[PDB]
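Here is the naming used below: chain letters follow the sequence lines, and residue numbers restart at 1 for every chain. All heavy atoms count here, side chains included; hydrogens, waters and symmetry mates do not. Indexing begins at 1, ligand by ligand and atom by atom, following the structure's order.
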Amino acid sequence: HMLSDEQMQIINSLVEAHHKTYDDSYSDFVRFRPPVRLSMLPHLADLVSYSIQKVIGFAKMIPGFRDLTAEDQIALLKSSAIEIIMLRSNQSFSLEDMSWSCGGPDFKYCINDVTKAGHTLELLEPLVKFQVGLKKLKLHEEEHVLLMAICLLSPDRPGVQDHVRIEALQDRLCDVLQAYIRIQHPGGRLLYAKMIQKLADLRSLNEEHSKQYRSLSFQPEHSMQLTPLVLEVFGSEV
Amino acid sequence: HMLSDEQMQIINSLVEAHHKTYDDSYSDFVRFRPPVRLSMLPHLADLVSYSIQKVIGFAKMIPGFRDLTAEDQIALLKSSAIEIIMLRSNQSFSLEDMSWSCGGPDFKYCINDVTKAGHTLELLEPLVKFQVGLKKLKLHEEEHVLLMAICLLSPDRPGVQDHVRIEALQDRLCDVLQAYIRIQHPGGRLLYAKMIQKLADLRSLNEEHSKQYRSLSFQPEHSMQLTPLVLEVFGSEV
Amino acid sequence: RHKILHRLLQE
Amino acid sequence: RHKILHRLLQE
Ligand SMILES: C=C1/C(=C\C=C2/CCC[C@]3(C)[C@@H]([C@H](C)[C@@H]4CC[C@H](C(C)(C)O)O4)CC[C@@H]23)C[C@@H](O)C[C@@H]1O
Ligand SMILES: C=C1/C(=C\C=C2/CCC[C@]3(C)[C@@H]([C@H](C)[C@@H]4CC[C@H](C(C)(C)O)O4)CC[C@@H]23)C[C@@H](O)C[C@@H]1O
């Protein structure tokens, strides 16, 4: 069959929200502290902090996210932030160079660059393999933003209070996605299942990042290089 | 008469400490977030945060500062930091341009630049007049570092516990300074009194900065642009 | 708690 | 309190 008017509206809301909160020019990157080849921590902390602001604004056009309590919104953002960032970064990832190409050579981040920001191959290896698998799925823009909104409105996050409601919005987004794939995506007959498994990958990426971030945020000579937003969001402040 | 061996040692310790913690090349400035013409807040926050690290290291070669309790050291640094920074910045201030010239044109800060970092002429006017008066005093390098060490080891700071001891080290530094002026500074017969009055100026500059910083640190869209070190040091965390 | 997050979610 | 200051004063 076809998609309802309500699902078309949700799709249009989501991609407009992604378009407003993601700059294909990457021109704001000149305002981060410049990269140096833990030499990359200042630049990459700025990059993530900037990305967190974007993710907050994207969240902010998700239909129904705002109508949740401010505590639920904070819970959802704090535990899903790094996953949305990992997800959205696939738009700059390129299989030809196996890295993220945002500007010229200064703003291209390969594995060795992230190494010099306090992270090991235990995170980098699954992360790059995640970007590779997700890029080969060749998602439509609608599926990409749908996946990000589904990932963020997960009710199985610590701290969420109104599970019922969040799971409800997450379910309606899953049905829009599942329907958009079966109608407008040729040969997507197993795609949705694979996307749902990408979410599970993000959970394992999340936990190893949360571990590695802890060890660096617990050393003041390193956590002094982070930003207030990063510390607030990635800290266990509760 | 002449200066004792002990006072020569103190002088040499102080200027070596200043030389190690102050870079006339200003070449680390490329690693701050770049200035933009509250557009200057990110660059100037980075500049101050970097300067705080330097001031800590300078403090760290002051003979006797380390032998104080770690709480006294924190008390002394938290309330004197912005004053030492105002003082040390006179080395880049130039009367010919009425601003601080550190790099090329990007790293020259005139009054309008600081305006766009959340500060009013109520602070900027006395600050620039302070830099002007202090630069026309044409201090020797020894007097400049002596003045900074005296300013930091002031026992009339909130939070200090061992007044006796800090006032003692402050007194010995004042007598070294007073003696160096009368022996090695031609026509300095009123200079020391004027330097002591510069300290009083710093107190009034300190308080108006503390007020203006409060109003900006209380707006999260602005305090998110500060650094962890700046927030820790300039906050009333106690 | 979460001074900046609150701020960025309002407006 | 003052996690970074403590750190930068040691060493
Ligand atoms: C953040 C984005 C982009 C890339 C993101 C990347 C690629 C490089 C490595 C990054 C920055 C990860 C690292 C683990 C960084 C380095 C340090 C930082 C903290 C949070 C301090 O651990 O995380 C997080 C997402 C990873 C570029 C572009 O697609 C925009 C997107 O929002
Ligand atoms: C910090 C130094 C230099 C200049 C310092 C200046 C000149 C420009 C204006 C500055 C940065 C003042 C402002 C009030 C800045 C801007 C915002 C920032 C905070 C602390 C956020 O209020 O204070 C502090 C010392 C002022 C340059 C050089 O001499 C090194 C020296 O340590």
Side-chain angles (χ1 to χ4, degrees), chain A residues 21-24 26 29 38 40-41 43-52 54-55 81-82 84-93 99-102 107-111 113-119 123-124 127-128 131 205 209-210 212-213 216-217 222-223 225-227 230-231 233-234, chain B residues 21-24 26 29 38 40-41 43-52 54-55 81-82 84-93 99-102 107-111 113-119 123-124 127-128 131 205 209-210 212-213 216-217 222-223 225-227 230-231 233-234:
Chain A
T21 54
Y22 194 104
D23 185 351
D24 285 282
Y26 300 108
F29 284 29
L38 291 195
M40 292 294 294
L41 187 49
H43 180 76
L44 290 181
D46 289 350
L47 168 67
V48 171
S49 188
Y50 170 100
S51 295
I52 295 170
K54 298 311 207 185
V55 169
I82 195 64
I84 309 300
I85 295 182
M86 279 167 180
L87 261 176
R88 70 200 308 268
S89 83
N90 197 246
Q91 191 164 340
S92 73
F93 190 85
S99 81
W100 294 261
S101 304
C102 303
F107 308 154
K108 154 166 178 77
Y109 315 130
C110 73
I111 303 175
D113 288 321
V114 192
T115 278
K116 319 204 76 216
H119 291 274
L123 165 73
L124 293 179
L127 173 52
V128 173
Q131 303 293 336
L205 300 176
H209 183 268
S210 284
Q212 294 187 5
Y213 174 88
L216 81 80
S217 77
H222 295 334
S223 74
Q225 304 299 349
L226 309 176
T227 75
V230 163
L231 289 159
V233 164
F234 291 152
Chain B
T21 54
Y22 194 104
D23 185 351
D24 285 282
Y26 300 108
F29 284 29
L38 291 195
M40 292 294 294
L41 187 49
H43 180 76
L44 290 181
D46 289 350
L47 168 67
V48 171
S49 188
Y50 170 100
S51 295
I52 295 170
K54 298 311 207 185
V55 169
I82 195 64
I84 309 300
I85 295 182
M86 279 167 180
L87 261 176
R88 70 200 308 268
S89 83
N90 197 246
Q91 191 164 340
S92 73
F93 190 85
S99 81
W100 294 261
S101 304
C102 303
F107 308 154
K108 154 166 178 77
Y109 315 130
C110 73
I111 303 175
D113 288 321
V114 192
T115 278
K116 319 204 76 216
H119 291 274
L123 165 73
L124 293 179
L127 173 52
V128 173
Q131 303 293 336
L205 300 176
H209 183 268
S210 284
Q212 294 187 5
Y213 174 88
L216 81 80
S217 77
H222 295 334
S223 74
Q225 304 299 349
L226 309 176
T227 75
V230 163
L231 289 159
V233 164
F234 291 152

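Here the shortest heavy-atom pairing between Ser223(B) and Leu231(B) reads O-CD1, 4.1 Å. Of all heavy-atom pairs between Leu38(A) and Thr115(A), the closest is CD2-O, 4.5 Å.
Checked by distance only, ligand 2 and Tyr213(B) stay at 3.5 Å or farther apart across all their nitrogen or oxygen atoms.
Closest protein heavy atom to atom 5 (C) of ligand 1: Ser89(A) CB, 3.6 Å. Counting protein heavy atoms only, atom 1 (C) of ligand 1 is closest to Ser51(A) OG, 3.0 Å. Shortest contact from atom 15 (C) of ligand 2 to any protein heavy atom: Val48(B) CG2, 4.0 Å.
For atom 20 (C) of ligand 2, the protein comes within 4.0 Å by at least one heavy atom. Protein heavy atoms are found inside the 4.0 Å sphere centred on atom 7 (C) of ligand 1. Protein heavy atoms are absent from the space less than 4.0 angstrom from atom 10 (C) of ligand 1.
Not a single heavy atom of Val230(A) lies less than 4.0 angstrom from ligand 1. Heavy-atom distances between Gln91(A) and ligand 1 stay at or above 4.0 Å for every pair. Remark: distances from the non-hydrogen atoms of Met86(A) to ligand 1 are all 4.0 Å or more. Within the structure, ligand 1 has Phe234(A) among the residues with a heavy atom less than 4.0 angstrom away. Assignment of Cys102(B) to the shell around ligand 2 is supported, since a heavy atom sits closer than 4.0 Å.
A donor-acceptor pair under 3.5 Å links the side-chain atoms of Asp113(B) to the main chain of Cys110(B), judged by distance alone. The backbone N or O of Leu47(A) sits less than 3.5 Å from a side-chain atom of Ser51(A), completing a donor-acceptor pair. The closest donor-acceptor contact from the side chain of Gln131(B) to the backbone of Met86(B) lies under 3.5 Å.
Within ligand 2, counting atoms from 1 as listed, the ones closer than 4.0 Å to a heavy atom of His209(B) are 14 (C), 19 (C), 20 (C), 22 (O), 23 (O). Close contacts of ligand 2 with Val114(B), meaning ligand atoms under 4.0 Å from a residue heavy atom, involve 8 (C), 9 (C), 13 (C). Those atoms of ligand 1 that come under 4.0 Å of a heavy atom in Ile85(A), given as number and element, are 1 (C), 25 (C). Listed by atom number, the atoms of ligand 2 under 4.0 Å from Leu44(B) heavy atoms are 16 (C). Short contacts between ligand 2 and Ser92(B), defined as distances under 4.0 Å to a heavy atom of the residue, involve ligand atoms 27 (C), 28 (C), 29 (O).
Contact annotation: the side chain of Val114(A) never approaches that of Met40(A) to less than 4.5 Å [non-hydrogen atoms, C-beta and beyond].
One finds the CD atom of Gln212(A) at 12.0 Å from the OG atom of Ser217(A) (value rounded to the nearest 0.5 Å). Separation of atoms CG (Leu41(B)) and NZ (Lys116(B)) is listed at 12.0 Å; rounding is to 0.5 Å.
Proximity annotation for atom 29 (O) of ligand 1: of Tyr22(A), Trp100(A), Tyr109(A), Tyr22(A) comes nearest, heavy atoms only.
At a heavy-atom distance under 4.0 Å, only side-chain atoms of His119(A), from C-beta outward, approach ligand 1. Under 4.0 Å from ligand 1, not a single heavy atom of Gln212(A) appears.
Ring geometry for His209(B) against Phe234(B) counts as perpendicular: the plane angle is over 60°, on a 0 to 90° scale with 30° as the lower cut.
Side chains of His119(B) and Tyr213(B): no donor on one and acceptor on the other come within 3.5 Å.
Checked against the 6.0 Å centroid threshold, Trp100(A) and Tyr109(A) do not count as a close aromatic pair.
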